[PDB]
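Okay, so here's just one chain, in structure tokens, the form deposited in one PDB entry.
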């Protein structure tokens, strides 16, 4: 049977979130980017709500909670994007939302095709590894807990304990299907290596995002309130490498 913490994690998953995109008009660079920003805002609010229900998180200092959300939102959103694409469209479209689905042809006409291909890697890897929902749910918590300040957190002890607890839960999630010590240990390496590899992909997304933000007036792209502050609050520092990415492997 499924371990209770994994069961809890499934129960607190956000519901389906819509972009509010107007699909009756043809795509433009500005319209797509704006819908993506609107969806991002909605997904951020959803991440905040999720975090409030996430066992352990509310007991970290409030400053730490804010920092970890500010550090991890891009990772959580692209990982989510990968999951939805894998589950709803067999990994073969980018499933941003039910009203914002980009098949490859739409990607090619997006104006940011290379960015789409970079993002599209994640669901193709989920297809390759056949990631289970239980593994996904645990890995997603670890992404929230995958970067800390250079000086550490205020609730560092509690953070280490919480992070270690979700790593132990990932190991149980793996043990649900992959039986055999060799397979299970290899599976842990592969899934944790995937999380390590996400740091680099996410850096490309952070740069694109920051450039788009700076040039938002010229490009006629709107950035909502919570998006503007999470970017204001940490993106340059993160891009500069003035934080500590946590790696599972050297």
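Residue numbers count along the first chain shown, from 1. In this text, the rigid core denotes the largest set of C-alpha atoms whose superposition between the two forms falls within 1.5 Å.
- For residue 21, the record comparison shows coordinates present in all the other entries of this protein that model its neighbours, with no third of them leaving it out.
- In this entry, 219 to 227 shows the higher mean Cα temperature factor of the pair 33 to 41 and 219 to 227.
- Here 153 to 161 and 84 to 92 are compared by their mean Cα B-factor, and 153 to 161 comes out higher.
- Highest CA B-factor among the listed residues (118, 110, 146, 132): 118.
- Sort the chain's modelled residues by C-alpha temperature factor and residue 124 lands in the middle third, per the entry.
- Among the modelled residues of its chain, residue 187 has a C-alpha B-factor that falls in the lowest third according to the deposited record.
- In the deposited entry, the Cα temperature factor of residue 170 places it in the lowest third of its chain's modelled residues.
- Sort the modelled residues of the chain by CA B factor and residue 27 lands in the highest third.
- In this PDB entry, the Cα temperature factor of residue 77 sits in the middle third of its chain's modelled residues.
Only in words, not in the display: the form deposited in another entry, which the text now covers.
- Among the residues 242, 16, 232, 10, the single one whose Cα moves by at least 2 Å between the shown form and the other one, once the core is superposed, is 232.
- Core-superposed comparison between the shown form and the other one: the CA of residue 208 stays below a 2 Å shift.
- The pair residue 67 and residue 233 is looser in the other entry: their Cα-Cα distance rises by no less than 3 Å compared with this form.
- With a change of no less than 3 Å, the CA-CA distance between residue 117 and residue 238 is smaller in the other entry than in the form shown.
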